[PDB]
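Working notes for the structure below.
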Number of protein chains: 4
Amino acid sequence: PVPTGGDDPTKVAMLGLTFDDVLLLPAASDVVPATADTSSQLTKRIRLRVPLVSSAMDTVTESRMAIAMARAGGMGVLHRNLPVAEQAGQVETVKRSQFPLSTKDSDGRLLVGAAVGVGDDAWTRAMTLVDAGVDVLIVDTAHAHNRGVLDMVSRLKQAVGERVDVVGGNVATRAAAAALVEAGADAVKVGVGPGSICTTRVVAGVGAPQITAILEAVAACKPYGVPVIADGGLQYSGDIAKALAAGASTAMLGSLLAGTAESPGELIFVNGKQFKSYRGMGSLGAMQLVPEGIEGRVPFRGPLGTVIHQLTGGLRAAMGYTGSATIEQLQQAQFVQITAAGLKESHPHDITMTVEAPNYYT
Amino acid sequence: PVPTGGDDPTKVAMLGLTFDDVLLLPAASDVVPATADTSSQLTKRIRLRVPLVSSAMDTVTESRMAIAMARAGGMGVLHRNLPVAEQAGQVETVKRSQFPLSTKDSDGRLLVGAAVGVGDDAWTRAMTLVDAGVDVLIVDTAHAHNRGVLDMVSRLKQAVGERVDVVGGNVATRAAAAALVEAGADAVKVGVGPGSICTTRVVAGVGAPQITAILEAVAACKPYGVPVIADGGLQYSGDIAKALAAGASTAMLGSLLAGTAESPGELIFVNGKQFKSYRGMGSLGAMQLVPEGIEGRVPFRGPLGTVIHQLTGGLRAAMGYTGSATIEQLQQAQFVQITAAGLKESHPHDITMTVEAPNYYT
Amino acid sequence: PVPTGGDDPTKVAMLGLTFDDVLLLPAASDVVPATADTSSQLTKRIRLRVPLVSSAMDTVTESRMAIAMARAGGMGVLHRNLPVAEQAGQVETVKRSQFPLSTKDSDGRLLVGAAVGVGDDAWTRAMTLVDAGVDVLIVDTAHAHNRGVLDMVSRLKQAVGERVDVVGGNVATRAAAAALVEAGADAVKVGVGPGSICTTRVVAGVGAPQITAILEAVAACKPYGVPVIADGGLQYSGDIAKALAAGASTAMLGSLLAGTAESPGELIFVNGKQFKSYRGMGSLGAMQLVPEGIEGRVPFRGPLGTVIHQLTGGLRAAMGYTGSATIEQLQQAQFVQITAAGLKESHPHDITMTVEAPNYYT
Amino acid sequence: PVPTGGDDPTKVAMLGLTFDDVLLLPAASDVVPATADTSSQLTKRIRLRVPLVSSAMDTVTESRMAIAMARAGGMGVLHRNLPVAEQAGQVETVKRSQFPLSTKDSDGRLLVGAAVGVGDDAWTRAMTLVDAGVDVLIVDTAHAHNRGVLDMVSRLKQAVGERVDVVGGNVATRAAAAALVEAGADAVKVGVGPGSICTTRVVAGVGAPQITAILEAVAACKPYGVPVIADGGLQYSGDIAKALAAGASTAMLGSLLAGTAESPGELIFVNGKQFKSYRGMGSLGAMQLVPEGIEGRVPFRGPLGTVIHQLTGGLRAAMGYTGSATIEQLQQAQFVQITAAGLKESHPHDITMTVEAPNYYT
Ligand SMILES: NC(=O)c1ccc[n+]([C@@H]2O[C@H](COP(=O)([O-])OP(=O)(O)OC[C@H]3O[C@@H](n4cnc5c(N)ncnc54)[C@H](O)[C@@H]3O)[C@@H](O)[C@H]2O)c1
Ligand SMILES: NC(=O)c1ccc[n+]([C@@H]2O[C@H](COP(=O)([O-])OP(=O)(O)OC[C@H]3O[C@@H](n4cnc5c(N)ncnc54)[C@H](O)[C@@H]3O)[C@@H](O)[C@H]2O)c1
Ligand SMILES: NC(=O)c1ccc[n+]([C@@H]2O[C@H](COP(=O)([O-])OP(=O)(O)OC[C@H]3O[C@@H](n4cnc5c(N)ncnc54)[C@H](O)[C@@H]3O)[C@@H](O)[C@H]2O)c1
Ligand SMILES: NC(=O)c1ccc[n+]([C@@H]2O[C@H](COP(=O)([O-])OP(=O)(O)OC[C@H]3O[C@@H](n4cnc5c(N)ncnc54)[C@H](O)[C@@H]3O)[C@@H](O)[C@H]2O)c1
Ligand SMILES: *c1nc2c(ncn2[C@@H]2O[C@H](COP(=O)(O)O)[C@@H](O)[C@H]2O)c(=O)[nH]1
Ligand SMILES: *c1nc2c(ncn2[C@@H]2O[C@H](COP(=O)(O)O)[C@@H](O)[C@H]2O)c(=O)[nH]1
Ligand SMILES: *c1nc2c(ncn2[C@@H]2O[C@H](COP(=O)(O)O)[C@@H](O)[C@H]2O)c(=O)[nH]1
Ligand SMILES: *c1nc2c(ncn2[C@@H]2O[C@H](COP(=O)(O)O)[C@@H](O)[C@H]2O)c(=O)[nH]1
Ligand SMILES: [K+]
Ligand SMILES: [K+]
Ligand SMILES: [K+]
Ligand SMILES: [K+]
């Protein structure tokens, strides 16, 4: 019999690795961290100076956050939890608005992104957003291997292909990424359940660990040149370095940017400290059922520029350790799989911390 | 030599997996969660609309709980901690009893099951229960591979085989499932020690992880058309989805229904909060000795209908993710094996929950 | 290269399993738990009705504990931290002494054993103890593969081999067990580091997991018919069942008996709860340097007979589950390896225990 | 495909083991712990009586620590966070200064070492240190596979290779160790991330577990007779024994020596208990940016001699257990891999320690 039970060797397909299961192996390096080139292709036509994209969530990205992310070298994606006219107004506000790395189009204006669903109402929203000058559309769905999501992606590529870039929803397998690539998507977003606010892997018991999912999606997408975006489950800059090394071209950040000042919402004072609200788009409050997210609060951090600077410094240090001149070389790095004891050895241990580092906290 | 010690390669037969060791892999889907069919076979001749069955415990299932569970779309199994006359009276009360999914017999009365032991006194109890008009008998023992349990199953199926269905006791291996099938069981119940109130794996050191046990039992029960019931260890709707995807046709629930309003027992107030008593049938109090269970308390949950609806919504979401229109299709889904890091990535992390979700609580 | 580093495949010899890594598999059973025979061989000539032995520690075994253990069906081993005259007096007190299971010699006197070290002083102590009528001598060391221990075992076997039995020191490998058998020992004690009070694996970094060590030692001792004693690391009756199923013949208990009324020492009262002292023989206090043990307290348990009955009931339940009429049949049961999630499923989970079980506590 | 994902079997190159994943197997022994010889090679020409070195940290080693370590039988390495003239003054102070094991040169003067960076200013500091009477230069970096570090090592060996010994920076792979040996290093230091105060594996996500790294580096250094120094991650004397058995010849200590009276800094009182500062060299304060270390405090220990004696006693116990007369014989001991349960069993468990032992802390 099969060692794990039954007579079917393909019942348990594979062992899945996540960010905490692997470490990057140092290699022969001739690269100073300051000279590392952290530019990467977000889509087949858009290249960012910093490969970080803000999450399309109602407590993460709005006009201010989108403008700040575009100025810092990345991009912001406005959420679709607003009326269509309001979303178009936010797109116009971003496009209408020191920062040498800022992302700009052929007209010299900042780049913005918008998220739409699936359906005729979503089609009207997408048409309104495209008419307002949006550059990239995201078909933001929880299960992108559904036939409706693929049909919507094909429709958008057929209609507004010459003017915008269409990014498919979340996938976690090789077959889903291949289907999205065949459907005509310009970029594939990866991750089902690893988000810090998600309960999908608990409520439905469905998902896949992020590192293995990224590897599978890259094996499905790289021959066609389609970029891969790692979405959800990133907590440190080492996580971003690992996600890029596993094959992803861009990383989408949630809770790391929710505690910044540019994020929408009011500051909450609790017990002499500061926080702000963070919740999933599938949470009960956001969808007003069977929710697949939770509501919570993250500690307050400050300006987005400092956070992006620290994350980029960590990524530059990783590139220096691996000897990667560009991201295209960082994607050829190798991993070492570690156990739980190795995981606790990686973090600071046997020490009582008396002052916090800019890039680390418990 | 064997890597784990000794010269016998069969001393450590296999590596067992449980619910938290696996995740369900998304597949190509054309299924909407609202339009998925959750009906499944409880026995070879009885089909439920919601594949959930209440545990035969004195703190979980009685007349009220059996009626509520039959109305909700599943079934209840009355415990055998009562005198035979009282259990027969409970059966008659259930049979003497808005609800589109209610499970009914040919005459229009609600279905109900009843648990029996092993022996001549249990034989008299079984005859009384059959006379009172029960639909399915459960030979409720902790070890179904014993000779007495098989003899009792054969005797019951020869006596009242044409009238009621007989479900075999708890098994954890393929050989025991095959023995139950050969003895003439209409359904096989799986699980030895995974219950939240069990100490059998600690007191006796005997057991088997639930996912591996379900796979092993299904490998022997499926060829003969005998359904498999997964019993014990389920704490989320994702666990139910994983159990069904492993081959089981129905799931039997304990502590998940012990805190509802329909379960027997008075409310308990601790620090201003509500709880209800929950204890194993092998506990010292319940068996009144070497006990194999403990006595405890679980938080109050409210009406059973809300709990059943939340669990069924989670199962429907899992069916949508896997592209399974029917439970028979869900039983063909695949798994991915995860580590402890993947397990803590599955749950919400790096967040302080500010408001509790209807289907998730830490 | 080897996947764990280096070019030598024998550098990391094996993967070691302990009690928490394995579970007993149920088998076809015709055994009532009350009809199982728990008798087992302590040495090649001594048979115990209950296969449990007390540890030769100054906080566990003295004359009272030895008498109680012999009255319950097992045996006690007197510690050697006393002067030779006092130890001989304790042996005489035990021999000079309602209990149908009492283990007696031909003359109807309770059996007892004593511990000796290595050296000429140990030779004088051993001869004095043999004069006082001791029944079995334990060469109580921490490393039985040392030349001195084997030489001493050979000397004792040549001198007083017919009168008494000689038990070898603690081993952890197949080669050490083979050397002890060749030296002429009548029983082999297994375990290096798993003691609840030991720090040998942390201070010296030397040890082996108990299940793997037992399997390896049985691979060498069984062909010659030399019994195996599992010593250290046992916390539950399921652990005793696992140790006996792995191949061992008897289990030597430490902390499980230190909290009884018969153990030497006085009660300790702290915050309305009762404790008593427990310490290793390598501790700084016991050896009065680089200690290899610690000093602590364990909760009070009451009379030893109740504890012995609970452990025997757990063992009988395990034998009933595995279909083992005798311990010799229990030594052929199969294991299943479990993960950490399986381990947390094995214990009572997701519950708030209200009343204490006689054989379980968190 | 690869069971972890993708089509490249070399993406996840290997599985790394740390100190907590292995144990030393006992073997046939004719060695008394008090008669073992712990002398080991520091470099190709320097042999220490106690194979322990102090870290080049501004909170660990200064003149006093170097003198105490040289007297105790090891050696000290002065940190380079000081002005060049000040560090040369510390070197002269150490050279200008019961202890039968003290390490001395051919002129009866205490040995000492100093750390240098990479660059022309580092060249000036190195030349000043050589002219000031240093015995060994440690090219102290974080990534020694960089071209600059190899060039600096080659330049130092070409200039003052006949007067001083050059030890390369930290490596974690076989290729890096081979490159350092080819560059002309007298010794190779191993470890990237294991430090108790490091955050490199979190900020950059780059590193390797220590046991696998030591094995890989020894696989490249042993054929050429170049010693390997294990730096970082050692918390117990068992860790030192494991590192020596993996192939390392010496172990550099950080936090283990940062709480002694001879370490630089001042005593700190918190709730009646004594602590003192310990911070990483890449921490924010130490480099005064993206720090790769943290600042904290460790409990006060006392005189260095007692700590060194306890560590050497643990090492001698390990040598006695493995039957290793010399460190060269300890470097051939075998390992056994353990699980998380094995690690829990190795430490004291199910006990409430009431008095702290000299060599173990809870
Ligand atoms: N599912 C489990 O793992 C588990 C474990 C312990 C108790 N329980 C529950 O406790 C209640 C009583 O269980 P029970 O089986 O002890 O009832 P019981 O004492 O009435 O036993 C009935 C029959 O089961 C068999 N049996 C049970 N345990 C055995 C063992 N250890 N060895 C050999 N044969 C054995 C015997 O043939 C016995 O006559 C039931 O409600 C049961 O579901 C369940
Ligand atoms: N990434 C995740 O795993 C995840 C999980 C839950 C929610 N979310 C977020 O919540 C928001 C709403 O997501 P949504 O998908 O629930 O909204 P939605 O109702 O707009 O779903 C969009 C489409 O996704 C597909 N889909 C979604 N869930 C499915 C399921 N269970 N089975 C089959 N097809 C399914 C369907 O084709 C549907 O039309 C988005 O912002 C999304 O990113 C994400
Ligand atoms: N069972 C264990 O793992 C363990 C561990 C430490 C101590 N202890 C207990 O502590 C007491 C003293 O133990 P002890 O045996 O160390 O004391 P001891 O001084 O009586 O040692 C007796 C003999 O054991 C051998 N020995 C012990 N440790 C050795 C080592 N590290 N290397 C080589 N040979 C070694 C030597 O031959 C020595 O003569 C005993 O009661 C013993 O049971 C037990
Ligand atoms: N061993 C470790 O893992 C580690 C990590 C961080 C810091 N540290 C300690 O902090 C201090 C300063 O460390 P440092 O090496 O950054 O000092 P540094 O800034 O003086 O660097 C010296 C040389 O190391 C190399 N180097 C260091 N980090 C590199 C990277 N990320 N990518 C490429 N090359 C790199 C370069 O050749 C550089 O010129 C030292 O005392 C060092 O031991 C050690
Ligand atoms: C699950 N996932 C959800 C939900 N809303 C958004 N998301 C996903 O999480 C990502 C961010 O996760 P972090 O780990 O916090 O960075 C988002 O980009 C989105 O893909 C939800 O309700 N449940
Ligand atoms: C162990 N298992 C026991 C006992 N009484 C009942 N059971 C089993 O547990 C199931 C419920 O488990 P939950 O995890 O709480 O859902 C029951 O259906 C029954 O099979 C006992 O004393 N010990
Ligand atoms: C380590 N082991 C020690 C010491 N003294 C005795 N022992 C061993 O432990 C066994 C008891 O272990 P428990 O887990 O408490 O059952 C004893 O029988 C003996 O073999 C010591 O100082 N260090
Ligand atoms: C990471 N590692 C660092 C830093 N400064 C020094 N080190 C390394 O850590 C070792 C200390 O190890 P312990 O575990 O504390 O014994 C040092 O010897 C050095 O090699 C730093 O900022 N980050
Ligand atoms: K670390
Ligand atoms: K359990
Ligand atoms: K999650
Ligand atoms: K221990």
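Residue numbering restarts at 1 in every chain; chains get A, B, ... in the order shown in the structure tokens, and ligands count up from 1 in that same order.
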Quick one: residues within 9 Å of segment 338-341 of chain A, only C-alpha atoms, excluding same-chain residues fewer than 6 positions away - as a ChimeraX atom specification?
/A:20-23 /B:340-341 /D:14-21,208-209,340
Polymer residues at most 9 Å from segment 160-169 of chain A, only C-alpha atoms, same-chain spacing of 6 or more positions, as a PDB file with N, CA and C atoms, in the first residue's frame:
```pdb
ATOM      1  N   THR A  43       3.939  43.415 -15.344  1.00  0.00           N
ATOM      2  CA  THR A  43       3.202  42.748 -16.409  1.00  0.00           C
ATOM      3  C   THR A  43       4.127  42.534 -17.598  1.00  0.00           C
ATOM      4  N   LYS A  44       3.575  42.108 -18.734  1.00  0.00           N
ATOM      5  CA  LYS A  44       4.385  41.946 -19.933  1.00  0.00           C
ATOM      6  C   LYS A  44       4.814  43.275 -20.541  1.00  0.00           C
ATOM      7  N   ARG A  45       4.247  44.396 -20.086  1.00  0.00           N
ATOM      8  CA  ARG A  45       4.599  45.706 -20.613  1.00  0.00           C
ATOM      9  C   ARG A  45       4.945  46.738 -19.550  1.00  0.00           C
ATOM     10  N   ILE A  46       4.661  46.481 -18.276  1.00  0.00           N
ATOM     11  CA  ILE A  46       4.906  47.433 -17.198  1.00  0.00           C
ATOM     12  C   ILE A  46       6.053  46.913 -16.346  1.00  0.00           C
ATOM     13  N   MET A 127     -15.506  48.860 -17.738  1.00  0.00           N
ATOM     14  CA  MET A 127     -15.576  49.830 -18.828  1.00  0.00           C
ATOM     15  C   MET A 127     -15.452  51.256 -18.306  1.00  0.00           C
ATOM     16  N   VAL A 130     -11.802  51.839 -17.315  1.00  0.00           N
ATOM     17  CA  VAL A 130     -10.921  51.986 -18.470  1.00  0.00           C
ATOM     18  C   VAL A 130     -11.116  53.350 -19.120  1.00  0.00           C
ATOM     19  N   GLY A 133      -8.986  56.151 -17.542  1.00  0.00           N
ATOM     20  CA  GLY A 133      -7.545  56.154 -17.678  1.00  0.00           C
ATOM     21  C   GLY A 133      -6.790  55.136 -16.853  1.00  0.00           C
ATOM     22  N   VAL A 134      -7.474  54.142 -16.280  1.00  0.00           N
ATOM     23  CA  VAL A 134      -6.778  53.096 -15.542  1.00  0.00           C
ATOM     24  C   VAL A 134      -5.821  52.364 -16.480  1.00  0.00           C
ATOM     25  N   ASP A 135      -4.738  51.837 -15.914  1.00  0.00           N
ATOM     26  CA  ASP A 135      -3.711  51.172 -16.705  1.00  0.00           C
ATOM     27  C   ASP A 135      -3.762  49.656 -16.599  1.00  0.00           C
ATOM     28  N   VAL A 136      -4.083  49.110 -15.429  1.00  0.00           N
ATOM     29  CA  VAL A 136      -4.104  47.667 -15.238  1.00  0.00           C
ATOM     30  C   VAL A 136      -5.380  47.270 -14.504  1.00  0.00           C
ATOM     31  N   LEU A 137      -6.076  46.282 -15.059  1.00  0.00           N
ATOM     32  CA  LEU A 137      -7.279  45.703 -14.487  1.00  0.00           C
ATOM     33  C   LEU A 137      -6.917  44.385 -13.820  1.00  0.00           C
ATOM     34  N   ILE A 138      -7.492  44.141 -12.648  1.00  0.00           N
ATOM     35  CA  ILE A 138      -7.263  42.915 -11.897  1.00  0.00           C
ATOM     36  C   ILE A 138      -8.594  42.189 -11.793  1.00  0.00           C
ATOM     37  N   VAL A 139      -8.643  40.954 -12.280  1.00  0.00           N
ATOM     38  CA  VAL A 139      -9.833  40.112 -12.102  1.00  0.00           C
ATOM     39  C   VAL A 139      -9.624  39.397 -10.774  1.00  0.00           C
ATOM     40  N   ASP A 140     -10.003  40.095  -9.702  1.00  0.00           N
ATOM     41  CA  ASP A 140      -9.736  39.744  -8.308  1.00  0.00           C
ATOM     42  C   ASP A 140     -10.798  38.760  -7.832  1.00  0.00           C
ATOM     43  N   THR A 141     -10.487  37.472  -7.932  1.00  0.00           N
ATOM     44  CA  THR A 141     -11.393  36.412  -7.520  1.00  0.00           C
ATOM     45  C   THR A 141     -10.661  35.454  -6.591  1.00  0.00           C
ATOM     46  N   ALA A 142     -11.435  34.735  -5.780  1.00  0.00           N
ATOM     47  CA  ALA A 142     -10.846  33.794  -4.837  1.00  0.00           C
ATOM     48  C   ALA A 142     -10.473  32.475  -5.498  1.00  0.00           C
ATOM     49  N   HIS A 143     -11.099  32.140  -6.624  1.00  0.00           N
ATOM     50  CA  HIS A 143     -10.847  30.881  -7.324  1.00  0.00           C
ATOM     51  C   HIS A 143     -10.849  31.201  -8.815  1.00  0.00           C
ATOM     52  N   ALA A 144      -9.657  31.401  -9.380  1.00  0.00           N
ATOM     53  CA  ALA A 144      -9.528  31.839 -10.764  1.00  0.00           C
ATOM     54  C   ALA A 144      -9.630  30.703 -11.769  1.00  0.00           C
ATOM     55  N   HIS A 145      -9.645  29.452 -11.320  1.00  0.00           N
ATOM     56  CA  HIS A 145      -9.819  28.331 -12.231  1.00  0.00           C
ATOM     57  C   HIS A 145     -11.279  28.101 -12.595  1.00  0.00           C
ATOM     58  N   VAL A 149     -14.461  33.155 -14.461  1.00  0.00           N
ATOM     59  CA  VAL A 149     -13.318  34.057 -14.348  1.00  0.00           C
ATOM     60  C   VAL A 149     -12.494  34.040 -15.629  1.00  0.00           C
ATOM     61  N   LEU A 150     -12.265  32.850 -16.189  1.00  0.00           N
ATOM     62  CA  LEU A 150     -11.531  32.753 -17.446  1.00  0.00           C
ATOM     63  C   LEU A 150     -12.284  33.442 -18.576  1.00  0.00           C
ATOM     64  N   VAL A 153     -11.809  37.161 -18.163  1.00  0.00           N
ATOM     65  CA  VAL A 153     -10.463  37.563 -18.561  1.00  0.00           C
ATOM     66  C   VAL A 153     -10.352  37.609 -20.079  1.00  0.00           C
ATOM     67  N   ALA A 177      -2.767  28.028 -13.508  1.00  0.00           N
ATOM     68  CA  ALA A 177      -1.912  29.023 -14.145  1.00  0.00           C
ATOM     69  C   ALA A 177      -1.864  28.822 -15.653  1.00  0.00           C
ATOM     70  N   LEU A 180      -5.117  30.114 -17.091  1.00  0.00           N
ATOM     71  CA  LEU A 180      -5.119  31.573 -17.122  1.00  0.00           C
ATOM     72  C   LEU A 180      -4.242  32.104 -18.247  1.00  0.00           C
ATOM     73  N   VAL A 181      -3.072  31.493 -18.451  1.00  0.00           N
ATOM     74  CA  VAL A 181      -2.183  31.923 -19.527  1.00  0.00           C
ATOM     75  C   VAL A 181      -2.840  31.706 -20.884  1.00  0.00           C
ATOM     76  N   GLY A 184      -5.381  34.293 -21.944  1.00  0.00           N
ATOM     77  CA  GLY A 184      -4.866  35.561 -22.417  1.00  0.00           C
ATOM     78  C   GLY A 184      -4.465  36.562 -21.354  1.00  0.00           C
ATOM     79  N   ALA A 185      -4.347  36.149 -20.096  1.00  0.00           N
ATOM     80  CA  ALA A 185      -3.970  37.072 -19.036  1.00  0.00           C
ATOM     81  C   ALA A 185      -2.536  37.559 -19.220  1.00  0.00           C
ATOM     82  N   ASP A 186      -2.288  38.792 -18.780  1.00  0.00           N
ATOM     83  CA  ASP A 186      -0.958  39.381 -18.861  1.00  0.00           C
ATOM     84  C   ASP A 186      -0.115  39.130 -17.619  1.00  0.00           C
ATOM     85  N   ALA A 187      -0.730  38.714 -16.514  1.00  0.00           N
ATOM     86  CA  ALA A 187       0.000  38.367 -15.304  1.00  0.00           C
ATOM     87  C   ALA A 187      -0.874  37.450 -14.464  1.00  0.00           C
ATOM     88  N   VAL A 188      -0.226  36.561 -13.715  1.00  0.00           N
ATOM     89  CA  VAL A 188      -0.925  35.557 -12.918  1.00  0.00           C
ATOM     90  C   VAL A 188      -0.638  35.824 -11.448  1.00  0.00           C
ATOM     91  N   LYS A 189      -1.695  35.986 -10.656  1.00  0.00           N
ATOM     92  CA  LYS A 189      -1.570  36.189  -9.220  1.00  0.00           C
ATOM     93  C   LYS A 189      -1.757  34.861  -8.498  1.00  0.00           C
ATOM     94  N   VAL A 190      -0.920  34.617  -7.493  1.00  0.00           N
ATOM     95  CA  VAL A 190      -0.800  33.314  -6.856  1.00  0.00           C
ATOM     96  C   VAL A 190      -1.093  33.446  -5.370  1.00  0.00           C
TER      97      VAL A 190
END
```
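Around ligand 1, the neighbouring residues within 6 Å, taking only C-alpha atoms and all ligand atoms, come to residues 117, 118, 140, 141, 142, 143, 146, 148, 149, 170, 191, 192, 193, 200, 281, 282 and 292 of chain B; 31, 32, 33, 317, 320 and 321 of chain C.
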Running DSSP on the backbone, which parts of segment 315-359 of chain D land in strand (DSSP E), as a PyMOL selection string?
chain D and resi 335-337+352-355
Could I get the residue neighbourhood of ligand 12 at 8 Å, counting only C-alpha atoms and all ligand atoms, as an MDAnalysis selection string?
(chainID C and resid 193:202 233) or (chainID D and resid 344:349)
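What separates atom CA of residue 79 of chain D from atom CA of residue 243 of chain D is a distance of 23.7 Å.
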For residue 88 of chain A: contacts at 10 Å, only C-alpha atoms, fewer than 3 positions along chain excluded, given as a ChimeraX atom specification
/A:78,82-85,91-94,114,125-126,128-134
Near chain A, meaning an atom within 8 Å, which residues of chain B appear when counting only C-alpha atoms? Write them as a PyMOL selection string.
chain B and resi 13-17+23-31+212-213+215-216+218-219+236-239+241-242+310+313-315+317-318+321+333-342+345-360
Quick check, in Å to one decimal: how far apart do atom 16 (O, counted along the ligand's line) of ligand 8 and atom CA of residue 307 of chain D lie?
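Between atom 16 (O, counted along the ligand's line) of ligand 8 and atom CA of residue 307 of chain D the gap works out to 13.9 Å.
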DSSP on the backbone, alpha helix (DSSP H) only: what residues of segment 138-254 of chain B does that give? Format it as a PyMOL selection string.
chain B and resi 147-160+174-183+200-203+210-221+237-245
Selection near residue 107 of chain C, 12 Å with only C-alpha atoms, sequence-local residues under 4 positions removed, as a list in words
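The residues that qualify are residues 95, 96, 103, 111 and 133 of chain C.
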Please indicate the distance in Å from atom CA of residue 102 of chain A to atom 10 (C, counted along the ligand's line) of ligand 5, rounded to one decimal place.
23.7 Å
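Take the candidates A:227, A:113, A:280, A:100 and check each one against residue 62 of chain A using only C-alpha atoms; the shortest distance goes to A:113.
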Would you mind listing what lies within 12 Å of residue 48 of chain B as a ChimeraX atom specification, with only C-alpha atoms counted and same-chain residues fewer than 5 positions away left out?
/B:37-43,53,69-76,101-105,110-112,249-251,327
Taking 6 positions as the minimum chain separation for residues in the same chain, which residues sit within 8 Å of residue 65 of chain D when counting only C-alpha atoms? Answer as a short mmCIF file (atom, residue, chain, number, x, y, z; two decimals) with N, CA, C and O atoms, in the first residue's frame.
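Result written to result37.cif:
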```cif
data_model
loop_
_atom_site.label_atom_id
_atom_site.label_comp_id
_atom_site.auth_asym_id
_atom_site.auth_seq_id
_atom_site.Cartn_x
_atom_site.Cartn_y
_atom_site.Cartn_z
N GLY D 76 41.21 34.79 22.66
CA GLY D 76 40.27 35.88 22.49
C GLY D 76 40.52 36.61 21.19
O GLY D 76 41.64 36.65 20.69
N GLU D 262 34.08 39.26 33.11
CA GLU D 262 35.19 39.72 32.29
C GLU D 262 34.75 40.35 30.98
O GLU D 262 35.57 40.99 30.31
N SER D 263 33.49 40.18 30.58
CA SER D 263 33.01 40.81 29.36
C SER D 263 32.87 42.32 29.58
O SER D 263 32.49 42.75 30.67
N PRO D 264 33.16 43.13 28.57
CA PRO D 264 33.02 44.58 28.72
C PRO D 264 31.56 44.98 28.93
O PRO D 264 30.64 44.34 28.42
#
```
Selected residue of minimal separation from residue 325 of chain A among A:211, A:67, A:244, A:36, counting only C-alpha atoms
A:36
